[PDB]
Structure formats: C-alpha cells, structure tokens
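J.: Next up is a structure, given as structure tokens.
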Amino acid sequence: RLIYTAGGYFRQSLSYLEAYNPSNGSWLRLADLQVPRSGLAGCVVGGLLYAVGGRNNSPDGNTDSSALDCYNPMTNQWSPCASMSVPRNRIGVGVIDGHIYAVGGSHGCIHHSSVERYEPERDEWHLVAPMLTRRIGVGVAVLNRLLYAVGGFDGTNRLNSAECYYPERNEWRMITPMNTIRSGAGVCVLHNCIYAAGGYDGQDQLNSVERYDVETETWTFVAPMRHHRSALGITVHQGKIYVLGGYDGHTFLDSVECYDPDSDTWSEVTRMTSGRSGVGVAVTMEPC
Ligand SMILES: COc1cc([C@@H](CC(=O)O)c2ccc(C)c(CN3C[C@@H](C)Oc4ccccc4S3(=O)=O)c2)cc2nnn(C)c12
Ligand SMILES: [Cl-]
C-alpha cells in the first residue's frame, strides 16, 4: 500500500522515515531511524520494513553501519535486529523465501565481495558464497528466486558487469554485462526483467534505463528517466517502477518519477518533502 523511504543524505546522513501513498498523493512522516544513515537499503519481509547497513555521515564523525533494524507499521516503532558480520555502506539487498541477502558495500577502504543472509525466525546472519566481484553501490534484485548483483564500483573501476546467485548451488555466475557502466543505479524487477535505471559512471550521472530479460539473456534500453540521477531509491508498486531522489551532479533531487512499461514513458508523480540521495526504499501496508 505505501512506498517507504528511509534515511538518505543531504548535507549529512538522515534519520527520516516517510511514506508516500500513490492512491492519494500524501506523504506521512513516521518514526525516525534510531541512527542516521545514508547508503543503506530497504526491504520488506512478512509486512515488516527492514533498514540494512549504510553509514552515518555526521558532523561528529563518519561510521559505516553493520546494523539491521526493523520497523513495524502496526506500532510505528523501530527495533534493533542482529547486526551483520561487517559494516556495509552503499549496500544492496534482496529478499528470497523470507530471508534477507546483504550484498557487497564498503567498510572504509574495504570494498566487499562478501554476501550474508539473515533469517528473521532465528534473528541470525550467516555468510554465503562471495560474489565474483567486489561491488559497492551495487544494485540488487530478485527474480524467480534467483539473486542478481548489478554494476557498482570495485575500488578502482565503476562496472557494467552483473552476476547471479543460485541459492541451491551456493554459487555466483556472471551474466551478460549491461550496455552501460553504472554505480549506484536503481535496480528492481518488473515482470520477467531486471531493470537498471540511472547511476554514475565516474564522469556523469545517468538518465538511461536498461532491462535484462532472463529468458533471452540480453539487455535492452527503454525510455530514459526525465532526470539524470545516481544513488536513487527504486521500488515497484502496482506494476510500475518508482524512482525517488538521487543526485544529478548539481542538486540532491526531490523528484519522484514513475515508469509505465505499457506506454514506455516516465512521468513525475510527486516530490519528496526534501531533496536527498542514498535512501532505502520498500513497499508495505499503511501504518497503524
Ligand atoms: C565519488 O563520486 C560518486 C560516487 C558514486 C557511487 C560510488 C562510486 O561509484 O564510487 C555511489 C553509489 C551509491 C551510493 C549510495 C553513493 C553515496 N551516495 C550518493 C552520493 C552522490 O552522495 C553522498 C554524498 C555524501 C555522503 C553520502 C552520499 S549518498 O547519497 O549516500 C555513491 C555516485 C556518484 N554520483 N555522483 N558522484 C560524484 C558520485
Ligand atoms: Cl558514502
């Protein structure tokens, strides 16, 4: 029912949790994160919203986060969960069969290839097989109970490469690379395709959008977004992609755009209450 945006960055890391309602255009401000964080990811398991990793960039210092925190819309409260094995800033996450996969990200100058999986029933993290590539600012999506890690930055180069994790083999394999180098792209799934929207290539923030068809193993460009943006939040709500904020090399954007795959068009839907980048985004039910 609602698109939740958690944390992000403008001047410093943010604690905001706000929920947008596509049905009426309204934004609600909800309970702040306990710790400000940018470069985190959001996901939903069993109706609960999780905020994963990131970094607190504050005037008092810069601290990468290994934190997992859970928001209950029914109570409007955040609860701490078990922390990850390592801090993971500029993280990507995916959910498969009620488990959260935390992928890549940085801890200071360490750019992680490691991956770990959270089991809400046990409140436990366990490492799984590492990716073949170190990736921070990595886009993650899940399609047909397979996990995809797309683009990012390896410590030296921004990447067009992507790879797939096969849970029952505990194994990563490269897939077809994207046609575009993208770090901090928005990555999501819609129908049978993984979409990669925007990002940064070391020179420019991008408006281009391409999608990987798992059946054909090829990437194809769709219509570009109205705004160039890196470190955007992205989610799917009722068969449409929504992209939230990000950075265009000039402004921390408040723009929210929506993609209709049937007309292959992007349109402006709303503005966030303030411009920000590096948010975590996910969809769950209305609070209380
Ligand atoms: C080094 O410059 C950049 C890096 C990244 C990547 C990382 C890389 O490729 O080296 C990236 C990917 C994901 C995330 C979340 C971030 C960090 N966030 C975006 C940046 C532009 O804004 C800031 C600034 C300060 C603190 C935190 C953030 S962020 O919103 O979390 C970067 C994206 C950029 N877009 N414009 N510039 C100048 C960028
Ligand atoms: Cl950062």
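Letters A, B, ... mark the chains of the structure tokens in the order given; residue numbers begin at 1 per chain; ligand numbers begin at 1, in order shown.
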For chain A against ligand 2, with a cut-off of 12 Å and counting only C-alpha atoms and all ligand atoms, what is the closest atom pair and its distance in Å to one decimal for every residue that makes the cut, ordered by chain and number, as a tab-separated table?

T.:
residue	atom	partner	partner_atom_place_in_ligand_line	distance
A:8	CA	ligand 2	1 (Cl)	9.9
A:9	CA	ligand 2	1 (Cl)	8.8
A:10	CA	ligand 2	1 (Cl)	11.4
A:11	CA	ligand 2	1 (Cl)	11.7
A:12	CA	ligand 2	1 (Cl)	10.1
A:13	CA	ligand 2	1 (Cl)	9.1
A:37	CA	ligand 2	1 (Cl)	9.4
A:38	CA	ligand 2	1 (Cl)	6.8
A:39	CA	ligand 2	1 (Cl)	6.1
A:40	CA	ligand 2	1 (Cl)	9.6
A:53	CA	ligand 2	1 (Cl)	11.4
A:54	CA	ligand 2	1 (Cl)	7.8
A:55	CA	ligand 2	1 (Cl)	6.6
A:56	CA	ligand 2	1 (Cl)	8.5
A:57	CA	ligand 2	1 (Cl)	7.5
A:58	CA	ligand 2	1 (Cl)	11.2
A:62	CA	ligand 2	1 (Cl)	9.0
A:63	CA	ligand 2	1 (Cl)	9.8
A:64	CA	ligand 2	1 (Cl)	8.6
A:65	CA	ligand 2	1 (Cl)	10.9
A:88	CA	ligand 2	1 (Cl)	10.3
A:89	CA	ligand 2	1 (Cl)	6.6
A:90	CA	ligand 2	1 (Cl)	6.6
A:91	CA	ligand 2	1 (Cl)	10.2
A:105	CA	ligand 2	1 (Cl)	9.9
A:106	CA	ligand 2	1 (Cl)	8.7
A:107	CA	ligand 2	1 (Cl)	10.0
A:108	CA	ligand 2	1 (Cl)	9.5
A:109	CA	ligand 2	1 (Cl)	11.2
A:136	CA	ligand 2	1 (Cl)	9.9
A:137	CA	ligand 2	1 (Cl)	9.2
A:184	CA	ligand 2	1 (Cl)	10.8
A:231	CA	ligand 2	1 (Cl)	10.0
A:277	CA	ligand 2	1 (Cl)	10.2
A:278	CA	ligand 2	1 (Cl)	8.2
A:279	CA	ligand 2	1 (Cl)	11.4

J.: Out of A:225, A:214, A:243, A:253, which residue has the shortest atom-to-atom distance to ligand 1 when counting only C-alpha atoms and all ligand atoms?

T.: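 Smallest separation from ligand 1 among the options: A:253.
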
J.: Where does DSSP see strand (DSSP E) in stretch 72-189 of chain A, if you list the residues as number ranges by chain?

T.: A: 72, 77-80, 92-96, 99-103, 106-107, 110-111, 115-119, 124-127, 139-143, 146-150, 162-166, 171-175, 186-189

J.: Could you turn the residues from that selection into a file that holds C-alpha atoms, as a PDB file, in the first residue's frame?

T.:
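Resulting contents of part09.pdb:
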ATOM      1  CA  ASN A  72       6.590  -2.322  12.407  1.00  0.00           C
ATOM      2  CA  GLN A  77       8.381   1.610  16.223  1.00  0.00           C
ATOM      3  CA  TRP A  78      11.899   0.608  15.144  1.00  0.00           C
ATOM      4  CA  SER A  79      13.526  -2.399  16.851  1.00  0.00           C
ATOM      5  CA  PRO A  80      17.196  -3.408  16.512  1.00  0.00           C
ATOM      6  CA  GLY A  92      22.396  -3.730  -1.966  1.00  0.00           C
ATOM      7  CA  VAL A  93      19.814  -6.147  -0.586  1.00  0.00           C
ATOM      8  CA  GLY A  94      17.366  -8.778  -1.933  1.00  0.00           C
ATOM      9  CA  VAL A  95      14.760 -10.982  -0.251  1.00  0.00           C
ATOM     10  CA  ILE A  96      14.323 -14.666  -1.174  1.00  0.00           C
ATOM     11  CA  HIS A  99      15.482 -14.321   4.086  1.00  0.00           C
ATOM     12  CA  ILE A 100      17.426 -11.057   3.562  1.00  0.00           C
ATOM     13  CA  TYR A 101      20.606 -11.116   1.462  1.00  0.00           C
ATOM     14  CA  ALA A 102      23.068  -8.311   2.209  1.00  0.00           C
ATOM     15  CA  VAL A 103      25.399  -7.817  -0.765  1.00  0.00           C
ATOM     16  CA  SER A 106      32.144  -0.760   1.826  1.00  0.00           C
ATOM     17  CA  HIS A 107      33.807  -0.578   5.212  1.00  0.00           C
ATOM     18  CA  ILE A 110      37.445  -2.224   2.007  1.00  0.00           C
ATOM     19  CA  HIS A 111      35.125  -2.899  -0.929  1.00  0.00           C
ATOM     20  CA  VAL A 115      27.440 -11.709   0.980  1.00  0.00           C
ATOM     21  CA  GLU A 116      25.426 -12.756   4.015  1.00  0.00           C
ATOM     22  CA  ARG A 117      21.901 -13.924   4.687  1.00  0.00           C
ATOM     23  CA  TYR A 118      19.529 -13.030   7.526  1.00  0.00           C
ATOM     24  CA  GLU A 119      16.886 -15.406   8.919  1.00  0.00           C
ATOM     25  CA  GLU A 124      20.785 -14.611  12.754  1.00  0.00           C
ATOM     26  CA  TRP A 125      23.134 -13.661   9.949  1.00  0.00           C
ATOM     27  CA  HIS A 126      25.222 -16.260   8.117  1.00  0.00           C
ATOM     28  CA  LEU A 127      27.747 -15.710   5.356  1.00  0.00           C
ATOM     29  CA  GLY A 139      22.024  -2.788  -7.409  1.00  0.00           C
ATOM     30  CA  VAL A 140      20.302  -5.975  -6.225  1.00  0.00           C
ATOM     31  CA  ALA A 141      17.093  -7.613  -7.422  1.00  0.00           C
ATOM     32  CA  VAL A 142      15.352 -10.963  -7.090  1.00  0.00           C
ATOM     33  CA  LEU A 143      13.616 -12.731  -9.965  1.00  0.00           C
ATOM     34  CA  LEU A 146      17.453 -16.029  -8.018  1.00  0.00           C
ATOM     35  CA  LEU A 147      19.507 -13.060  -6.712  1.00  0.00           C
ATOM     36  CA  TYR A 148      21.207 -10.579  -9.056  1.00  0.00           C
ATOM     37  CA  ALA A 149      24.009  -8.117  -8.265  1.00  0.00           C
ATOM     38  CA  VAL A 150      24.323  -5.434 -10.897  1.00  0.00           C
ATOM     39  CA  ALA A 162      26.489  -8.306 -13.362  1.00  0.00           C
ATOM     40  CA  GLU A 163      26.190 -11.717 -11.696  1.00  0.00           C
ATOM     41  CA  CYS A 164      23.620 -14.186 -10.410  1.00  0.00           C
ATOM     42  CA  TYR A 165      23.466 -16.225  -7.174  1.00  0.00           C
ATOM     43  CA  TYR A 166      21.893 -19.711  -7.337  1.00  0.00           C
ATOM     44  CA  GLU A 171      27.284 -20.229  -6.275  1.00  0.00           C
ATOM     45  CA  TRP A 172      27.668 -16.982  -8.231  1.00  0.00           C
ATOM     46  CA  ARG A 173      27.988 -16.857 -12.018  1.00  0.00           C
ATOM     47  CA  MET A 174      28.449 -13.813 -14.249  1.00  0.00           C
ATOM     48  CA  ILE A 175      25.541 -12.877 -16.511  1.00  0.00           C
ATOM     49  CA  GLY A 186      18.367   1.814  -9.064  1.00  0.00           C
ATOM     50  CA  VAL A 187      17.810  -1.910  -9.684  1.00  0.00           C
ATOM     51  CA  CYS A 188      14.464  -3.700  -9.498  1.00  0.00           C
ATOM     52  CA  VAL A 189      12.348  -6.436 -11.100  1.00  0.00           C
TER      53      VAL A 189
END

J.: Work out how far apart atom CA of residue A:3 and atom CA of residue A:281 are and give it in Å to one decimal.

T.: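 So the two atoms, atom CA of residue A:3 and atom CA of residue A:281, lie 7.0 Å apart.
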
J.: If you count only C-alpha atoms, which residues fall within 7 Å of stretch 216-224 of chain A, apart from same-chain ones fewer than 6 positions away, as a list in words?

T.: residues 176, 178, 179, 207, 208, 209, 210, 264 and 265 of chain A

J.: From the options A:2, A:185, A:206, A:285, which residue's atoms come nearest to residue A:24, counting only C-alpha atoms?

T.: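 Looking at the shortest contact to residue A:24, the residue is A:2.
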